[PDB]
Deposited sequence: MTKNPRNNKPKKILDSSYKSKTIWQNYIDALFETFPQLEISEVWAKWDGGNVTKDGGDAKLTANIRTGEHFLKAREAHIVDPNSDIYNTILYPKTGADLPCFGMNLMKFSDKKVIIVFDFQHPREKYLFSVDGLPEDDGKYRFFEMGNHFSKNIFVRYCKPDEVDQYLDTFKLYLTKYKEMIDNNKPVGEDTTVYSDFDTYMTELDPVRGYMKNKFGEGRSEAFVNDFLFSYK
């Protein structure tokens, strides 16, 4: 079981076409294992891919998923990182992540946040509407309706533009940026080893570099 289940359900209710097209990894690790990784690639109409990583151990529950739309409509990706770190500490992040470097994207009517957060440069693959909240595991679903508004706006963008391009190099700047700045490598090395951490980051999470 996972505390992120209602986010995950909402995601695939909005985009029921996103079917698993490859289980990229199911790995065991952590203490003898207590940490499990599931890494799925999904495909479906209007998307290049959605890649979904879910890492669960006794204290942590991390759901990191990015939807990469087909190209040709200048659409942002939709990214979420739902991170339970301990039984006291959760960070919820989701946003429209635009592939063009240093382009400030926004959707009018959505919550706005111009604060600066760790690791990342705001305005550069994160939008005016980046949604970041810190709360306790049992509070996570209080932002679910907002997550669902983001999904609703995203689905309108997809359905109104109907992108059909498949130029994965549109996402190369984005994947490069997400690679240098995301704090993953360290956590996965410790839990799973070096080769697995490297491949997870470079060949699964951000593979369009």
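- Taken in order along the deposited sequence, the stretches absent from the coordinates are 1-20, 53-56.
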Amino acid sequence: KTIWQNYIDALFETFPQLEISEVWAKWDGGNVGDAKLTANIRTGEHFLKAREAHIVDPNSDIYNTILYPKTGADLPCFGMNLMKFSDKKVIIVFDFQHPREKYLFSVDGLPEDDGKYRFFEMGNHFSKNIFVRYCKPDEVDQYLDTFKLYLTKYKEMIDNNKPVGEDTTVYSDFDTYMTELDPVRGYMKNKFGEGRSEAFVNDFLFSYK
From here on, numbers count along this sequence of modelled residues.
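- Comparing 117-125 with 98-106, the higher mean C-alpha B-factor in the PDB entry belongs to 117-125.
- Higher mean CA temperature factor between 88-96 and 75-83: 88-96, per the PDB entry.
- Highest CA B-factor among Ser60, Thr65, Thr168, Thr38, as stated in the entry: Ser60.
- Annotation for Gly33: C-alpha temperature factor in the highest third relative to the rest of the modelled chain, per the entry.
- Per the deposited record, the Cα B-factor of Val184 falls in the highest third when ranked against the other modelled residues of its chain.
- Annotation for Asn202: C-alpha temperature factor in the lowest third relative to the rest of the modelled chain, per the entry.
- When all modelled residues of the chain are sorted by CA temperature factor, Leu151 is found within the lowest third.
- In the deposited entry, the Cα temperature factor of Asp9 sits in the bottom third of values across the chain's modelled residues.
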